[PDB]
Each structure stands twice: as C-alpha cells, then as structure tokens.
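Q: Sending over structure00.pdb (PDB, C-alpha atoms).
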```
MODEL        1
ATOM      1  CA  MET A   1      21.297 -32.790  21.404
ATOM      2  CA  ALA A   2      17.455 -32.462  21.670
ATOM      3  CA  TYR A   3      15.063 -31.794  18.724
ATOM      4  CA  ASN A   4      11.657 -30.004  18.979
ATOM      5  CA  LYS A   5       9.076 -28.811  16.363
ATOM      6  CA  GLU A   6      10.599 -25.271  16.689
ATOM      7  CA  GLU A   7      14.082 -26.554  15.645
ATOM      8  CA  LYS A   8      12.307 -28.728  13.032
ATOM      9  CA  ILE A   9      10.841 -25.659  11.279
ATOM     10  CA  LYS A  10      14.051 -23.582  11.850
ATOM     11  CA  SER A  11      16.327 -26.134  10.064
ATOM     12  CA  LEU A  12      13.536 -26.850   7.502
ATOM     13  CA  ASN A  13      13.039 -23.139   6.516
ATOM     14  CA  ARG A  14      16.678 -23.053   5.328
ATOM     15  CA  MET A  15      15.763 -25.707   2.659
ATOM     16  CA  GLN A  16      12.291 -24.130   1.961
ATOM     17  CA  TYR A  17      14.267 -20.899   1.325
ATOM     18  CA  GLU A  18      16.722 -22.807  -1.012
ATOM     19  CA  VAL A  19      13.627 -23.719  -3.132
ATOM     20  CA  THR A  20      11.909 -20.262  -3.055
ATOM     21  CA  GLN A  21      15.164 -18.390  -3.837
ATOM     22  CA  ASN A  22      16.912 -20.525  -6.534
ATOM     23  CA  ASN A  23      13.984 -22.849  -7.614
ATOM     24  CA  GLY A  24      16.041 -25.514  -5.809
ATOM     25  CA  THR A  25      14.894 -29.118  -6.223
ATOM     26  CA  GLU A  26      14.925 -31.542  -3.246
ATOM     27  CA  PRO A  27      17.300 -34.614  -3.768
ATOM     28  CA  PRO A  28      15.781 -38.194  -4.416
ATOM     29  CA  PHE A  29      13.636 -38.539  -1.235
ATOM     30  CA  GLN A  30      10.096 -37.493  -2.385
ATOM     31  CA  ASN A  31       8.532 -40.970  -2.353
ATOM     32  CA  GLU A  32       5.712 -42.906  -0.525
ATOM     33  CA  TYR A  33       7.152 -41.654   2.834
ATOM     34  CA  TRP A  34       7.028 -37.842   2.276
ATOM     35  CA  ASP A  35       3.980 -37.437  -0.034
ATOM     36  CA  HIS A  36       2.036 -40.636   0.923
ATOM     37  CA  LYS A  37      -1.120 -40.930  -1.264
ATOM     38  CA  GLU A  38      -3.473 -41.657   1.733
ATOM     39  CA  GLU A  39      -6.467 -39.217   1.896
ATOM     40  CA  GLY A  40      -5.689 -35.853   3.561
ATOM     41  CA  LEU A  41      -3.821 -32.646   2.492
ATOM     42  CA  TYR A  42      -0.463 -31.372   1.162
ATOM     43  CA  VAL A  43       0.650 -28.311   3.114
ATOM     44  CA  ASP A  44       3.655 -25.918   3.330
ATOM     45  CA  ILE A  45       5.446 -27.395   6.410
ATOM     46  CA  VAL A  46       6.557 -23.846   7.552
ATOM     47  CA  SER A  47       2.943 -23.112   8.654
ATOM     48  CA  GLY A  48       0.956 -26.332   8.052
ATOM     49  CA  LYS A  49      -1.494 -24.410   5.784
ATOM     50  CA  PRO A  50      -3.673 -26.387   3.192
ATOM     51  CA  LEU A  51      -2.446 -25.883  -0.441
ATOM     52  CA  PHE A  52      -4.169 -28.807  -2.227
ATOM     53  CA  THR A  53      -6.053 -32.003  -1.302
ATOM     54  CA  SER A  54      -4.960 -35.677  -1.469
ATOM     55  CA  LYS A  55      -8.557 -36.275  -2.748
ATOM     56  CA  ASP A  56      -7.515 -34.289  -5.856
ATOM     57  CA  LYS A  57      -3.710 -34.758  -5.721
ATOM     58  CA  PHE A  58      -1.461 -35.157  -8.783
ATOM     59  CA  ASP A  59       1.737 -37.192  -8.070
ATOM     60  CA  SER A  60       5.307 -35.923  -8.745
ATOM     61  CA  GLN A  61       5.253 -37.388 -12.313
ATOM     62  CA  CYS A  62       6.321 -34.043 -13.875
ATOM     63  CA  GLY A  63       9.135 -33.636 -11.279
ATOM     64  CA  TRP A  64       6.848 -31.664  -8.938
ATOM     65  CA  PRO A  65       3.051 -32.309  -8.208
ATOM     66  CA  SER A  66       1.095 -30.210 -10.777
ATOM     67  CA  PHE A  67      -2.764 -30.288 -10.509
ATOM     68  CA  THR A  68      -5.555 -27.928 -11.804
ATOM     69  CA  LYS A  69      -6.965 -27.124  -8.278
ATOM     70  CA  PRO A  70      -5.428 -24.801  -5.586
ATOM     71  CA  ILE A  71      -7.124 -24.055  -2.221
ATOM     72  CA  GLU A  72      -8.372 -20.424  -2.574
ATOM     73  CA  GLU A  73      -7.993 -19.723   1.198
ATOM     74  CA  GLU A  74      -4.175 -19.483   1.770
ATOM     75  CA  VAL A  75      -2.922 -19.607  -1.849
ATOM     76  CA  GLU A  76      -2.285 -16.255  -3.642
ATOM     77  CA  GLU A  77      -1.761 -16.233  -7.455
ATOM     78  CA  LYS A  78       0.705 -13.410  -8.243
ATOM     79  CA  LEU A  79       1.975 -12.294 -11.701
ATOM     80  CA  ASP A  80       5.680 -11.474 -12.358
ATOM     81  CA  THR A  81       8.198 -11.069 -15.246
ATOM     82  CA  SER A  82      11.789 -12.444 -15.018
ATOM     83  CA  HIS A  83      13.166 -11.646 -18.566
ATOM     84  CA  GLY A  84      10.682 -10.657 -21.344
ATOM     85  CA  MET A  85       8.166 -13.437 -20.485
ATOM     86  CA  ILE A  86       5.488 -13.163 -17.771
ATOM     87  CA  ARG A  87       4.922 -15.964 -15.220
ATOM     88  CA  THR A  88       2.551 -16.464 -12.281
ATOM     89  CA  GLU A  89       3.582 -17.905  -8.895
ATOM     90  CA  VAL A  90       1.509 -18.931  -5.911
ATOM     91  CA  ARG A  91       3.187 -17.163  -2.989
ATOM     92  CA  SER A  92       2.068 -15.532   0.308
ATOM     93  CA  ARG A  93       3.470 -12.158   1.475
ATOM     94  CA  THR A  94       4.995 -13.093   4.905
ATOM     95  CA  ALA A  95       5.975 -16.819   5.206
ATOM     96  CA  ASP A  96       4.147 -19.228   2.770
ATOM     97  CA  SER A  97       6.142 -17.867  -0.319
ATOM     98  CA  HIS A  98       7.628 -21.442  -0.721
ATOM     99  CA  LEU A  99       4.430 -22.891  -2.425
ATOM    100  CA  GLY A 100       5.285 -23.017  -6.162
ATOM    101  CA  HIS A 101       4.695 -21.665  -9.686
ATOM    102  CA  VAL A 102       1.512 -21.636 -11.871
ATOM    103  CA  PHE A 103       1.247 -21.291 -15.680
ATOM    104  CA  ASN A 104      -1.544 -20.002 -18.023
ATOM    105  CA  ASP A 105      -0.708 -22.985 -20.339
ATOM    106  CA  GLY A 106      -2.493 -25.402 -17.923
ATOM    107  CA  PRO A 107      -6.388 -25.737 -18.160
ATOM    108  CA  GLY A 108      -8.219 -24.797 -14.901
ATOM    109  CA  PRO A 109     -11.067 -22.711 -13.213
ATOM    110  CA  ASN A 110      -8.915 -19.581 -13.812
ATOM    111  CA  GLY A 111      -6.678 -21.433 -16.332
ATOM    112  CA  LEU A 112      -3.583 -21.836 -14.103
ATOM    113  CA  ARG A 113      -1.340 -24.931 -13.621
ATOM    114  CA  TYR A 114      -0.944 -25.481  -9.855
ATOM    115  CA  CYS A 115       2.666 -26.768  -9.559
ATOM    116  CA  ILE A 116       4.018 -27.076  -5.994
ATOM    117  CA  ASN A 117       7.438 -28.378  -4.850
ATOM    118  CA  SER A 118       7.565 -31.638  -2.813
ATOM    119  CA  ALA A 119      10.310 -30.139  -0.552
ATOM    120  CA  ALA A 120       7.802 -27.604   0.883
ATOM    121  CA  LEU A 121       5.143 -30.319   1.331
ATOM    122  CA  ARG A 122       4.124 -32.792   3.981
ATOM    123  CA  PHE A 123       1.268 -35.261   3.524
ATOM    124  CA  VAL A 124      -1.157 -34.820   6.439
ATOM    125  CA  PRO A 125      -3.723 -37.732   6.573
ATOM    126  CA  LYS A 126      -7.413 -36.974   7.398
ATOM    127  CA  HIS A 127      -6.670 -38.856  10.690
ATOM    128  CA  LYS A 128      -3.716 -36.548  11.518
ATOM    129  CA  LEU A 129      -5.747 -33.500  10.427
ATOM    130  CA  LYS A 130      -8.395 -34.420  13.081
ATOM    131  CA  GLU A 131      -5.578 -34.123  15.672
ATOM    132  CA  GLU A 132      -4.276 -30.826  14.194
ATOM    133  CA  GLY A 133      -7.698 -29.083  13.687
ATOM    134  CA  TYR A 134     -10.013 -30.895  11.171
ATOM    135  CA  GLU A 135     -12.435 -27.847  11.233
ATOM    136  CA  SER A 136      -9.733 -25.838   9.375
ATOM    137  CA  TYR A 137      -8.345 -28.744   7.286
ATOM    138  CA  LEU A 138     -11.289 -31.154   6.491
ATOM    139  CA  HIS A 139     -13.463 -28.103   5.600
ATOM    140  CA  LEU A 140     -11.134 -27.546   2.565
ATOM    141  CA  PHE A 141     -10.650 -31.318   2.026
ATOM    142  CA  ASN A 142     -14.463 -31.978   2.007
ATOM    143  CA  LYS A 143     -17.420 -29.550   2.517
ATOM    144  CA  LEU A 144     -21.086 -29.171   1.510
ATOM    145  CA  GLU A 145     -23.353 -26.075   1.468
ATOM    146  CA  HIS A 146     -26.962 -27.363   1.504
ATOM    147  CA  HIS A 147     -29.407 -24.637   0.350
TER     148      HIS A 147
ENDMDL
END
```
Would you mind writing the file's structure down as structure tokens?
A:
Amino acid sequence: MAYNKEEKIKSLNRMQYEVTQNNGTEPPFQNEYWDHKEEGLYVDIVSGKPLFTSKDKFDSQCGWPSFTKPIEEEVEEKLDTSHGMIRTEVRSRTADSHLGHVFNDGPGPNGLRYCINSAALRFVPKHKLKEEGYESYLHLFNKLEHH
C-alpha cells in the first residue's frame, strides 16, 4: 500500500471535517512534533494557506492556540447564532472552513479572539516555506512597505 500527498489530504480531510462539524478535538498528539515553535507559519493542512505566524504564535495552553492576530488574506471572520447567543467563526466558503472560532471577548485590532484548532494545523518552518513558495508565505510572516 503506497501513500502520496493526495491520499494524505484525503484521509486528513475526514478528521478536519470531524473538527468543523462537531467541534471535535484531536486526541493527545499536539506537541513539539505537530506545532513545533520554530519560526514559520501555522496553516490549514487541507490547502497549506497561512492562518497565523510562528513569530506571533500562542501555544495550545487554552486547549487550542488562541492569539489576537489572524492573517487578513485567507481568513474570513463570519458571524452566526447557534441558540440565543451570537458567535463569530473564521471560516472560508469552499474548503478552509476548518480554521476555528473567534470571540468579541478577546482584545484585538477588530476585538476578536483568534482561536484555531491544532488538528487543522501544521507548523511550516521559514526554511520549508522557502521550498513551498516563500513569496506567498514569508510575505505574511515578515514584510515592510518603505514609503
């Protein structure tokens, strides 16, 4: 039995779906291997799209990594109501809906609490980003606009 990056994402997206659908938590795995604190990004594995930086990462101390800073490019903040209370979730339309949930109780630029699940995440070091397209990744990890 072979195993390619296609079959990687296919088997993966079952578990990513388990999180999106039921708010399902990954089992005890999310440690120094999966979310390694070396400089880079934390991306939704389904697409490899930048959600938040390792430069400004918060660790899974509150169960899931919850920082004040999203990446405005591929992250959509989207209001909902389950039962009498409103909530906001960060969720794309097509595929990236696995990101996480954000709350107006957390202080931020807009005043949202950027809380992403570790199951949907892979650490991608600045070294590995250079292999995968640094001009897309490192631009969001580190930029400057000299006027």
Q: When you count all atoms listed in the file, which of these residues is closest to residue 89 (chain A): A:4, A:30, A:23, A:47?
A: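 Answer, going by the shortest atom-to-atom distance: A:23.
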Q: Within 7 Å of residue 102 (chain A), counting only C-alpha atoms, which residues show up once you throw out same-chain ones fewer than 6 positions away? Write them as a PyMOL selection string, please.
A: chain A and resi 88-90+112-115
Q: Evaluated on this file, the PyMOL selection byres ((chain A and resi 71-83) around 9) picks out some residues - which ones are they, written as a PyMOL selection string?
A: chain A and resi 49-53+69-70+84-93+96+99+101-102+112+140
Q: Generate the output file for the selected residues, C-alpha atoms, as a short mmCIF file (atom, residue, chain, number, x, y, z; two decimals), in the coordinates of the input.
A:
```cif
data_model
loop_
_atom_site.label_atom_id
_atom_site.label_comp_id
_atom_site.auth_asym_id
_atom_site.auth_seq_id
_atom_site.Cartn_x
_atom_site.Cartn_y
_atom_site.Cartn_z
CA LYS A 49 -1.49 -24.41 5.78
CA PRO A 50 -3.67 -26.39 3.19
CA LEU A 51 -2.45 -25.88 -0.44
CA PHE A 52 -4.17 -28.81 -2.23
CA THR A 53 -6.05 -32.00 -1.30
CA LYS A 69 -6.96 -27.12 -8.28
CA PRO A 70 -5.43 -24.80 -5.59
CA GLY A 84 10.68 -10.66 -21.34
CA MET A 85 8.17 -13.44 -20.48
CA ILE A 86 5.49 -13.16 -17.77
CA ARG A 87 4.92 -15.96 -15.22
CA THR A 88 2.55 -16.46 -12.28
CA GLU A 89 3.58 -17.90 -8.90
CA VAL A 90 1.51 -18.93 -5.91
CA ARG A 91 3.19 -17.16 -2.99
CA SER A 92 2.07 -15.53 0.31
CA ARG A 93 3.47 -12.16 1.48
CA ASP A 96 4.15 -19.23 2.77
CA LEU A 99 4.43 -22.89 -2.42
CA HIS A 101 4.70 -21.66 -9.69
CA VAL A 102 1.51 -21.64 -11.87
CA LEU A 112 -3.58 -21.84 -14.10
CA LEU A 140 -11.13 -27.55 2.56
#
```
Q: A:146, A:126, A:98, A:139: which is nearest residue 45 (chain A), counting all atoms listed in the file?
A: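 Comparing A:146, A:126, A:98, A:139 against residue 45 (chain A), the winner is A:98.
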Q: I'd like to see the residues matched by the PyMOL selection byres ((chain A and resi 6-18) around 12) on this file, and ideally I'd get them as a PyMOL selection string.
A: chain A and resi 1-5+19-27+44-48+95-100+116-122
Q: Hey, which of A:134, A:68, A:63, A:124 ends up closest to residue 104 (chain A)? Count all atoms listed in the file.
A: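 Smallest distance to residue 104 (chain A) is found for A:68.
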Q: Report, in Å with one decimal, the straight-line distance from CA of residue 60 (chain A) to CA of residue 103 (chain A).
A: 16.7 Å
Q: Please determine an axis-aligned box that encloses all atoms of region 49-63 of chain A listed in the file, with 3 Å added on each side, and express its centre and edge lengths in Å to one decimal as lines of an AutoDock Vina configuration file.
A:
```
center_x = 0.3
center_y = -30.9
center_z = -4.0
size_x = 23.7
size_y = 19.0
size_z = 25.7
```
Q: Write region 25-37 of chain A as a PDB file, in the frame of the given file, completed to N, CA and C atoms.
A:
```
ATOM      1  N   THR A  25      15.583 -27.834  -6.293  1.00  0.00           N
ATOM      2  CA  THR A  25      14.894 -29.118  -6.223  1.00  0.00           C
ATOM      3  C   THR A  25      15.442 -29.906  -5.025  1.00  0.00           C
ATOM      4  N   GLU A  26      14.547 -30.531  -4.250  1.00  0.00           N
ATOM      5  CA  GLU A  26      14.925 -31.542  -3.246  1.00  0.00           C
ATOM      6  C   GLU A  26      15.653 -32.734  -3.931  1.00  0.00           C
ATOM      7  N   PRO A  27      16.652 -33.380  -3.253  1.00  0.00           N
ATOM      8  CA  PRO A  27      17.300 -34.614  -3.768  1.00  0.00           C
ATOM      9  C   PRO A  27      16.302 -35.814  -3.754  1.00  0.00           C
ATOM     10  N   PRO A  28      16.618 -36.962  -4.452  1.00  0.00           N
ATOM     11  CA  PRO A  28      15.781 -38.194  -4.416  1.00  0.00           C
ATOM     12  C   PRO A  28      15.413 -38.634  -2.976  1.00  0.00           C
ATOM     13  N   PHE A  29      14.199 -38.250  -2.550  1.00  0.00           N
ATOM     14  CA  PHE A  29      13.636 -38.539  -1.235  1.00  0.00           C
ATOM     15  C   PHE A  29      12.134 -38.683  -1.425  1.00  0.00           C
ATOM     16  N   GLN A  30      11.540 -37.630  -2.070  1.00  0.00           N
ATOM     17  CA  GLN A  30      10.096 -37.493  -2.385  1.00  0.00           C
ATOM     18  C   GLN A  30       9.495 -38.780  -2.993  1.00  0.00           C
ATOM     19  N   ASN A  31       9.168 -39.672  -2.084  1.00  0.00           N
ATOM     20  CA  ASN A  31       8.532 -40.970  -2.353  1.00  0.00           C
ATOM     21  C   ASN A  31       7.382 -41.205  -1.357  1.00  0.00           C
ATOM     22  N   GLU A  32       6.888 -42.465  -1.315  1.00  0.00           N
ATOM     23  CA  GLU A  32       5.712 -42.906  -0.525  1.00  0.00           C
ATOM     24  C   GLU A  32       5.763 -42.468   0.963  1.00  0.00           C
ATOM     25  N   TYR A  33       6.959 -42.132   1.463  1.00  0.00           N
ATOM     26  CA  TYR A  33       7.152 -41.654   2.834  1.00  0.00           C
ATOM     27  C   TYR A  33       6.689 -40.191   2.994  1.00  0.00           C
ATOM     28  N   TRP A  34       7.156 -39.310   2.099  1.00  0.00           N
ATOM     29  CA  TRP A  34       7.028 -37.842   2.276  1.00  0.00           C
ATOM     30  C   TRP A  34       5.682 -37.313   1.764  1.00  0.00           C
ATOM     31  N   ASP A  35       5.211 -37.883   0.647  1.00  0.00           N
ATOM     32  CA  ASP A  35       3.980 -37.437  -0.034  1.00  0.00           C
ATOM     33  C   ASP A  35       2.990 -38.608  -0.185  1.00  0.00           C
ATOM     34  N   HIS A  36       2.864 -39.406   0.897  1.00  0.00           N
ATOM     35  CA  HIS A  36       2.036 -40.636   0.923  1.00  0.00           C
ATOM     36  C   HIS A  36       0.584 -40.355   0.472  1.00  0.00           C
ATOM     37  N   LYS A  37       0.120 -41.161  -0.494  1.00  0.00           N
ATOM     38  CA  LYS A  37      -1.120 -40.930  -1.264  1.00  0.00           C
ATOM     39  C   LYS A  37      -2.418 -41.189  -0.456  1.00  0.00           C
TER      40      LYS A  37
END
```
